[PDB]
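Structure data (mmCIF, C-alpha atoms; chains and numbers go by the auth columns) from data.cif:
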data_model
#
loop_
_atom_site.group_PDB
_atom_site.id
_atom_site.type_symbol
_atom_site.label_atom_id
_atom_site.label_comp_id
_atom_site.label_asym_id
_atom_site.label_seq_id
_atom_site.Cartn_x
_atom_site.Cartn_y
_atom_site.Cartn_z
_atom_site.B_iso_or_equiv
_atom_site.auth_seq_id
_atom_site.auth_asym_id
ATOM 1 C CA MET A 1 -222.156 -1.902 -4.666 0.00 1 W
ATOM 2 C CA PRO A 2 -220.252 -0.716 -7.821 0.00 2 W
ATOM 3 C CA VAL A 3 -218.165 2.464 -7.474 0.00 3 W
ATOM 4 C CA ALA A 4 -215.921 2.696 -4.410 0.00 4 W
ATOM 5 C CA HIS A 5 -215.031 6.348 -3.993 0.00 5 W
ATOM 6 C CA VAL A 6 -211.699 6.280 -2.353 0.00 6 W
ATOM 7 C CA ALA A 7 -209.583 8.950 -0.751 0.00 7 W
ATOM 8 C CA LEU A 8 -205.838 9.203 -1.331 0.00 8 W
ATOM 9 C CA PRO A 9 -203.233 11.699 -0.253 0.00 9 W
ATOM 10 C CA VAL A 10 -202.434 12.999 -3.742 0.00 10 W
ATOM 11 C CA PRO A 11 -199.525 15.524 -4.130 0.00 11 W
ATOM 12 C CA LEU A 12 -200.091 19.114 -2.933 0.00 12 W
ATOM 13 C CA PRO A 13 -201.795 20.894 -5.886 0.00 13 W
ATOM 14 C CA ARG A 14 -204.377 18.444 -7.235 0.00 14 W
ATOM 15 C CA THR A 15 -204.959 19.758 -10.767 0.00 15 W
ATOM 16 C CA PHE A 16 -206.543 18.467 -13.978 0.00 16 W
ATOM 17 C CA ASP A 17 -204.536 18.455 -17.212 0.00 17 W
ATOM 18 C CA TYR A 18 -205.918 19.706 -20.504 0.00 18 W
ATOM 19 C CA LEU A 19 -204.175 20.206 -23.841 0.00 19 W
ATOM 20 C CA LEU A 20 -203.610 23.615 -25.367 0.00 20 W
ATOM 21 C CA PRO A 21 -204.647 23.615 -29.068 0.00 21 W
ATOM 22 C CA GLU A 22 -202.291 25.033 -31.709 0.00 22 W
ATOM 23 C CA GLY A 23 -201.728 28.762 -31.326 0.00 23 W
ATOM 24 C CA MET A 24 -203.552 28.996 -27.984 0.00 24 W
ATOM 25 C CA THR A 25 -201.497 30.626 -25.249 0.00 25 W
ATOM 26 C CA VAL A 26 -202.180 31.020 -21.533 0.00 26 W
ATOM 27 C CA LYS A 27 -200.100 31.724 -18.482 0.00 27 W
ATOM 28 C CA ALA A 28 -200.381 31.049 -14.751 0.00 28 W
ATOM 29 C CA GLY A 29 -203.332 32.785 -13.119 0.00 29 W
ATOM 30 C CA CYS A 30 -205.579 32.905 -16.155 0.00 30 W
ATOM 31 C CA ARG A 31 -209.172 31.647 -16.246 0.00 31 W
ATOM 32 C CA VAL A 32 -210.008 29.109 -18.964 0.00 32 W
ATOM 33 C CA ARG A 33 -213.182 27.326 -20.043 0.00 33 W
ATOM 34 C CA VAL A 34 -212.642 23.590 -20.177 0.00 34 W
ATOM 35 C CA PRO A 35 -214.558 20.331 -20.594 0.00 35 W
ATOM 36 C CA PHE A 36 -215.808 18.459 -17.569 0.00 36 W
ATOM 37 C CA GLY A 37 -217.799 15.275 -17.605 0.00 37 W
ATOM 38 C CA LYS A 38 -219.270 13.661 -20.716 0.00 38 W
ATOM 39 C CA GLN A 39 -220.607 16.991 -21.970 0.00 39 W
ATOM 40 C CA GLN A 40 -220.581 20.201 -19.930 0.00 40 W
ATOM 41 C CA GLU A 41 -218.061 22.999 -19.680 0.00 41 W
ATOM 42 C CA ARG A 42 -216.693 24.938 -16.717 0.00 42 W
ATOM 43 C CA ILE A 43 -214.417 27.819 -15.799 0.00 43 W
ATOM 44 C CA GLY A 44 -211.042 26.874 -14.333 0.00 44 W
ATOM 45 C CA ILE A 45 -207.860 28.627 -13.300 0.00 45 W
ATOM 46 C CA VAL A 46 -204.531 27.667 -14.833 0.00 46 W
ATOM 47 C CA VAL A 47 -202.033 26.934 -12.047 0.00 47 W
ATOM 48 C CA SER A 48 -199.051 26.203 -14.263 0.00 48 W
ATOM 49 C CA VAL A 49 -198.147 25.177 -17.792 0.00 49 W
ATOM 50 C CA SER A 50 -195.705 22.273 -18.219 0.00 50 W
ATOM 51 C CA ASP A 51 -194.616 20.057 -21.093 0.00 51 W
ATOM 52 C CA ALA A 52 -195.526 16.832 -19.285 0.00 52 W
ATOM 53 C CA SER A 53 -198.810 15.231 -18.180 0.00 53 W
ATOM 54 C CA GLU A 54 -199.267 12.177 -15.975 0.00 54 W
ATOM 55 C CA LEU A 55 -201.130 10.665 -18.968 0.00 55 W
ATOM 56 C CA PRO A 56 -200.600 10.680 -22.789 0.00 56 W
ATOM 57 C CA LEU A 57 -200.539 14.002 -24.722 0.00 57 W
ATOM 58 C CA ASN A 58 -203.444 12.586 -26.793 0.00 58 W
ATOM 59 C CA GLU A 59 -206.179 11.424 -24.410 0.00 59 W
ATOM 60 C CA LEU A 60 -206.262 14.705 -22.512 0.00 60 W
ATOM 61 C CA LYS A 61 -209.107 16.998 -23.557 0.00 61 W
ATOM 62 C CA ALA A 62 -208.357 20.505 -24.854 0.00 62 W
ATOM 63 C CA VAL A 63 -209.015 23.875 -23.309 0.00 63 W
ATOM 64 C CA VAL A 64 -211.881 25.594 -25.136 0.00 64 W
ATOM 65 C CA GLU A 65 -210.991 29.253 -24.634 0.00 65 W
ATOM 66 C CA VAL A 66 -208.816 31.539 -22.525 0.00 66 W
ATOM 67 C CA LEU A 67 -210.837 34.222 -20.777 0.00 67 W
ATOM 68 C CA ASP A 68 -207.879 36.367 -19.685 0.00 68 W
ATOM 69 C CA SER A 69 -204.848 37.681 -21.538 0.00 69 W
ATOM 70 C CA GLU A 70 -203.297 38.696 -18.248 0.00 70 W
ATOM 71 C CA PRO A 71 -203.441 37.008 -14.785 0.00 71 W
ATOM 72 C CA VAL A 72 -206.594 37.968 -12.913 0.00 72 W
ATOM 73 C CA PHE A 73 -204.281 37.656 -9.907 0.00 73 W
ATOM 74 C CA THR A 74 -201.501 40.032 -8.700 0.00 74 W
ATOM 75 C CA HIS A 75 -198.013 38.454 -8.802 0.00 75 W
ATOM 76 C CA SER A 76 -198.016 38.905 -5.018 0.00 76 W
ATOM 77 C CA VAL A 77 -201.639 37.832 -4.504 0.00 77 W
ATOM 78 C CA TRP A 78 -200.953 34.680 -6.519 0.00 78 W
ATOM 79 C CA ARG A 79 -197.765 33.674 -4.626 0.00 79 W
ATOM 80 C CA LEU A 80 -199.631 34.283 -1.362 0.00 80 W
ATOM 81 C CA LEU A 81 -202.735 32.262 -2.212 0.00 81 W
ATOM 82 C CA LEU A 82 -200.812 29.226 -3.469 0.00 82 W
ATOM 83 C CA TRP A 83 -198.877 29.359 -0.184 0.00 83 W
ATOM 84 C CA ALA A 84 -201.980 29.541 1.986 0.00 84 W
ATOM 85 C CA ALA A 85 -203.423 26.634 0.035 0.00 85 W
ATOM 86 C CA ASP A 86 -200.329 24.551 0.820 0.00 86 W
ATOM 87 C CA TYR A 87 -199.616 25.798 4.323 0.00 87 W
ATOM 88 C CA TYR A 88 -203.141 25.371 5.733 0.00 88 W
ATOM 89 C CA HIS A 89 -203.989 22.276 3.669 0.00 89 W
ATOM 90 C CA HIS A 90 -206.719 23.741 1.505 0.00 90 W
ATOM 91 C CA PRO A 91 -207.262 22.644 -2.127 0.00 91 W
ATOM 92 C CA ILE A 92 -205.824 25.160 -4.676 0.00 92 W
ATOM 93 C CA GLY A 93 -209.060 25.158 -6.619 0.00 93 W
ATOM 94 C CA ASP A 94 -211.060 25.998 -3.487 0.00 94 W
ATOM 95 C CA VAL A 95 -208.781 28.847 -2.359 0.00 95 W
ATOM 96 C CA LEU A 96 -208.519 30.284 -5.857 0.00 96 W
ATOM 97 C CA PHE A 97 -212.275 30.405 -6.674 0.00 97 W
ATOM 98 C CA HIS A 98 -213.403 31.466 -3.279 0.00 98 W
ATOM 99 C CA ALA A 99 -210.626 34.034 -3.572 0.00 99 W
ATOM 100 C CA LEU A 100 -211.567 35.403 -7.005 0.00 100 W
ATOM 101 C CA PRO A 101 -214.719 37.359 -6.018 0.00 101 W
ATOM 102 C CA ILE A 102 -213.344 39.184 -2.994 0.00 102 W
ATOM 103 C CA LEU A 103 -210.517 40.197 -5.325 0.00 103 W
ATOM 104 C CA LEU A 104 -212.708 41.770 -8.029 0.00 104 W
ATOM 105 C CA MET B 1 -197.688 24.869 -25.404 0.00 1 C
ATOM 106 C CA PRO B 2 -199.208 21.322 -24.827 0.00 2 C
ATOM 107 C CA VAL B 3 -200.377 20.783 -21.201 0.00 3 C
ATOM 108 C CA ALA B 4 -201.488 22.862 -18.193 0.00 4 C
ATOM 109 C CA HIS B 5 -202.122 22.026 -14.558 0.00 5 C
ATOM 110 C CA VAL B 6 -205.555 23.459 -13.791 0.00 6 C
ATOM 111 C CA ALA B 7 -207.147 24.092 -10.415 0.00 7 C
ATOM 112 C CA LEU B 8 -210.899 23.391 -10.219 0.00 8 C
ATOM 113 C CA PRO B 9 -213.630 24.284 -7.640 0.00 9 C
ATOM 114 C CA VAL B 10 -214.478 20.569 -7.353 0.00 10 C
ATOM 115 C CA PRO B 11 -217.259 19.344 -4.956 0.00 11 C
ATOM 116 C CA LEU B 12 -216.624 18.949 -1.210 0.00 12 C
ATOM 117 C CA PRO B 13 -214.802 15.656 -0.936 0.00 13 C
ATOM 118 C CA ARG B 14 -212.642 15.035 -3.990 0.00 14 C
ATOM 119 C CA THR B 15 -212.388 11.280 -4.079 0.00 15 C
ATOM 120 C CA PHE B 16 -210.999 8.714 -6.539 0.00 16 C
ATOM 121 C CA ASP B 17 -213.479 6.110 -7.799 0.00 17 C
ATOM 122 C CA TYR B 18 -212.430 2.448 -7.952 0.00 18 C
ATOM 123 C CA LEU B 19 -214.522 -0.509 -9.093 0.00 19 C
ATOM 124 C CA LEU B 20 -215.273 -3.354 -6.695 0.00 20 C
ATOM 125 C CA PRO B 21 -214.595 -6.770 -8.220 0.00 21 C
ATOM 126 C CA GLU B 22 -217.275 -9.431 -7.893 0.00 22 C
ATOM 127 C CA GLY B 23 -217.587 -10.753 -4.334 0.00 23 C
ATOM 128 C CA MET B 24 -215.426 -7.993 -2.836 0.00 24 C
ATOM 129 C CA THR B 25 -217.166 -5.980 -0.162 0.00 25 C
ATOM 130 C CA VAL B 26 -216.226 -2.832 1.790 0.00 26 C
ATOM 131 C CA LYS B 27 -217.930 -0.301 4.081 0.00 27 C
ATOM 132 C CA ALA B 28 -217.317 3.349 4.849 0.00 28 C
ATOM 133 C CA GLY B 29 -214.230 3.948 6.975 0.00 29 C
ATOM 134 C CA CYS B 30 -212.217 0.986 5.758 0.00 30 C
ATOM 135 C CA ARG B 31 -208.744 1.007 4.233 0.00 31 C
ATOM 136 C CA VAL B 32 -208.181 -0.455 0.791 0.00 32 C
ATOM 137 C CA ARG B 33 -205.221 -1.136 -1.485 0.00 33 C
ATOM 138 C CA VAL B 34 -205.735 0.637 -4.801 0.00 34 C
ATOM 139 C CA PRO B 35 -203.803 1.229 -8.014 0.00 35 C
ATOM 140 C CA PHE B 36 -202.310 4.710 -8.644 0.00 36 C
ATOM 141 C CA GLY B 37 -200.268 5.755 -11.647 0.00 37 C
ATOM 142 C CA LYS B 38 -199.400 3.488 -14.529 0.00 38 C
ATOM 143 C CA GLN B 39 -198.105 0.889 -12.060 0.00 39 C
ATOM 144 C CA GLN B 40 -197.811 1.780 -8.321 0.00 40 C
ATOM 145 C CA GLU B 41 -200.120 0.694 -5.425 0.00 41 C
ATOM 146 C CA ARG B 42 -201.249 2.776 -2.406 0.00 42 C
ATOM 147 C CA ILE B 43 -203.383 2.770 0.753 0.00 43 C
ATOM 148 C CA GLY B 44 -206.572 4.764 0.951 0.00 44 C
ATOM 149 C CA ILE B 45 -209.783 4.957 2.943 0.00 45 C
ATOM 150 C CA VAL B 46 -213.220 4.343 1.522 0.00 46 C
ATOM 151 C CA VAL B 47 -215.411 7.352 2.215 0.00 47 C
ATOM 152 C CA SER B 48 -218.557 5.964 0.641 0.00 48 C
ATOM 153 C CA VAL B 49 -219.911 3.348 -1.700 0.00 49 C
ATOM 154 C CA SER B 50 -222.488 4.224 -4.347 0.00 50 C
ATOM 155 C CA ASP B 51 -223.978 2.834 -7.590 0.00 51 C
ATOM 156 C CA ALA B 52 -222.442 5.449 -9.902 0.00 52 C
ATOM 157 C CA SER B 53 -219.202 7.232 -10.904 0.00 53 C
ATOM 158 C CA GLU B 54 -218.504 10.317 -13.031 0.00 54 C
ATOM 159 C CA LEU B 55 -216.839 7.832 -15.332 0.00 55 C
ATOM 160 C CA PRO B 56 -217.822 4.570 -17.013 0.00 56 C
ATOM 161 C CA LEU B 57 -218.088 1.666 -14.566 0.00 57 C
ATOM 162 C CA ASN B 58 -215.526 -0.116 -16.748 0.00 58 C
ATOM 163 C CA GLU B 59 -212.946 2.626 -17.145 0.00 59 C
ATOM 164 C CA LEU B 60 -212.273 2.652 -13.424 0.00 60 C
ATOM 165 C CA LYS B 61 -209.462 0.559 -11.971 0.00 61 C
ATOM 166 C CA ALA B 62 -210.378 -2.131 -9.465 0.00 62 C
ATOM 167 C CA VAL B 63 -209.748 -2.142 -5.721 0.00 63 C
ATOM 168 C CA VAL B 64 -206.943 -4.606 -5.009 0.00 64 C
ATOM 169 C CA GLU B 65 -207.542 -5.648 -1.450 0.00 65 C
ATOM 170 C CA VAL B 66 -209.534 -4.532 1.535 0.00 66 C
ATOM 171 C CA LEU B 67 -207.386 -4.183 4.653 0.00 67 C
ATOM 172 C CA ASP B 68 -210.210 -3.728 7.139 0.00 68 C
ATOM 173 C CA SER B 69 -213.196 -5.948 7.853 0.00 69 C
ATOM 174 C CA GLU B 70 -214.587 -3.140 9.995 0.00 70 C
ATOM 175 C CA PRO B 71 -214.179 0.667 10.170 0.00 71 C
ATOM 176 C CA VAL B 72 -210.793 1.472 11.712 0.00 72 C
ATOM 177 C CA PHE B 73 -212.577 4.622 12.933 0.00 73 C
ATOM 178 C CA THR B 74 -215.387 4.889 15.526 0.00 74 C
ATOM 179 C CA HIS B 75 -218.800 5.952 14.258 0.00 75 C
ATOM 180 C CA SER B 76 -218.422 9.248 16.197 0.00 76 C
ATOM 181 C CA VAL B 77 -214.812 9.908 15.197 0.00 77 C
ATOM 182 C CA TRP B 78 -215.706 9.257 11.595 0.00 78 C
ATOM 183 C CA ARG B 79 -218.730 11.575 11.538 0.00 79 C
ATOM 184 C CA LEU B 80 -216.585 14.260 13.187 0.00 80 C
ATOM 185 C CA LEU B 81 -213.616 13.996 10.800 0.00 81 C
ATOM 186 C CA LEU B 82 -215.727 14.237 7.626 0.00 82 C
ATOM 187 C CA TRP B 83 -217.444 17.212 9.181 0.00 83 C
ATOM 188 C CA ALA B 84 -214.114 18.804 10.196 0.00 84 C
ATOM 189 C CA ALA B 85 -212.801 18.312 6.660 0.00 85 C
ATOM 190 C CA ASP B 86 -215.935 19.887 5.223 0.00 86 C
ATOM 191 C CA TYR B 87 -216.423 22.847 7.507 0.00 87 C
ATOM 192 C CA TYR B 88 -212.766 23.961 7.614 0.00 88 C
ATOM 193 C CA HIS B 89 -212.106 23.079 3.974 0.00 89 C
ATOM 194 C CA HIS B 90 -209.418 20.420 4.344 0.00 90 C
ATOM 195 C CA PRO B 91 -208.970 17.529 1.888 0.00 91 C
ATOM 196 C CA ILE B 92 -210.819 14.559 3.347 0.00 92 C
ATOM 197 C CA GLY B 93 -207.968 12.214 2.506 0.00 93 C
ATOM 198 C CA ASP B 94 -205.543 14.661 4.207 0.00 94 C
ATOM 199 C CA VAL B 95 -207.575 14.781 7.440 0.00 95 C
ATOM 200 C CA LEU B 96 -208.265 11.063 7.494 0.00 96 C
ATOM 201 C CA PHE B 97 -204.723 9.799 7.131 0.00 97 C
ATOM 202 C CA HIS B 98 -203.078 12.234 9.482 0.00 98 C
ATOM 203 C CA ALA B 99 -205.476 11.627 12.325 0.00 99 C
ATOM 204 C CA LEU B 100 -205.234 7.817 12.148 0.00 100 C
ATOM 205 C CA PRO B 101 -201.767 7.812 13.839 0.00 101 C
ATOM 206 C CA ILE B 102 -203.178 10.055 16.521 0.00 102 C
ATOM 207 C CA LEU B 103 -206.496 8.307 17.291 0.00 103 C
ATOM 208 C CA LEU B 104 -204.987 4.804 17.337 0.00 104 C
ATOM 209 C CA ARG B 105 -201.708 5.618 18.973 0.00 105 C
#
Starting from the coordinates I provided, produce the structure as structure tokens.
Amino acid sequence: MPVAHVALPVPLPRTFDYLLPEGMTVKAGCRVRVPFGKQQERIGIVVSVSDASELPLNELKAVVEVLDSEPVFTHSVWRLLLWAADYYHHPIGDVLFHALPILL
Amino acid sequence: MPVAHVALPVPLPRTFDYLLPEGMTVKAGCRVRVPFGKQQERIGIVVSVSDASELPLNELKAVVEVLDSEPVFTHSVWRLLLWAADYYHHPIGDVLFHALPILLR
């Protein structure tokens, strides 16, 4: 058949890059609505903000809107969760979202 | 200001789709050489083979070479591993490649 879905041992935090439009600011631990797939949106959680993407600064899509001015996560809670993710081999996205509810 | 590394609640097994050139055939549980990054190669294990990707069937990179005629994993072992990865929430690629050196050795 066509598409071979393959598995690879990507680096620890597997994240998806998106560009921040002019004047839009967000820090680590903030929820943001971003594009996903040819047309729908979805809530995500910003893990970090760098000045380098594994692909060009132009074919990355842009965040649509920040939903939190301040981290929905405690400085401690955040450090902890990222650790657990890494220590027990769980994807950051999975820990973070499954962790959001219990928190609120 | 520019970029941001975002965590997403992606579906159970987060896999990387690769196109199969004409005449190239591979089954679940087989290792394959695939591109990665603007120029490096790497070894991975096919989890499944379908007729569709979240991306255009032309924007995907192509598998380079299949390293296994047959599943390097037993039909039981395989079923178990995928389950283990799912139920305990471990990256399928992470469970598959670590176990290989155990099961074989």
Worksheet item: Which chain C residues are at most 8 Å from chain W (counting only C-alpha atoms), as a ChimeraX atom specification?
Response: /C:1-10,14-20,25,37,42-55,57,63,89-94,97
Worksheet item: Do you know which residues are at most 12 Å from residue 80 of chain C counting all atoms listed in the file, after dropping those on the same chain fewer than 6 positions away, and could you put them as a PyMOL selection string?
Response: chain C and resi 73-74+86-88+92+95-96+99
Worksheet item: Mind telling me what the PyMOL selection byres ((chain W and resi 74) around 12) catches here, as a VMD selection string?
Response: chain W and resid 28 to 30 70 to 73 75 to 81 100 103 to 104
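Residue nearest residue 35 of chain C, chosen from C:77, C:62, C:84, C:103 and counting only C-alpha atoms: C:62.
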Worksheet item: In Å to one decimal, how far is atom CA of residue 12 of chain C from atom CA of residue 31 of chain C?
Response: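 Calculated distance between atom CA of residue 31 of chain C and atom CA of residue 12 of chain C is 20.3 Å.
The residues caught by the PyMOL selection byres ((chain C and resi 67) around 9) in this file are residues 30, 31, 32, 33, 43, 65, 66, 68 and 69 of chain C.
Interatomic distance, atom CA of residue 28 of chain C to atom CA of residue 13 of chain C: 13.8 Å.
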Discussion item. One decimal, in Å: what's the spacing between atom CA of residue 11 of chain W and atom CA of residue 83 of chain W?
Written reply: 14.4 Å
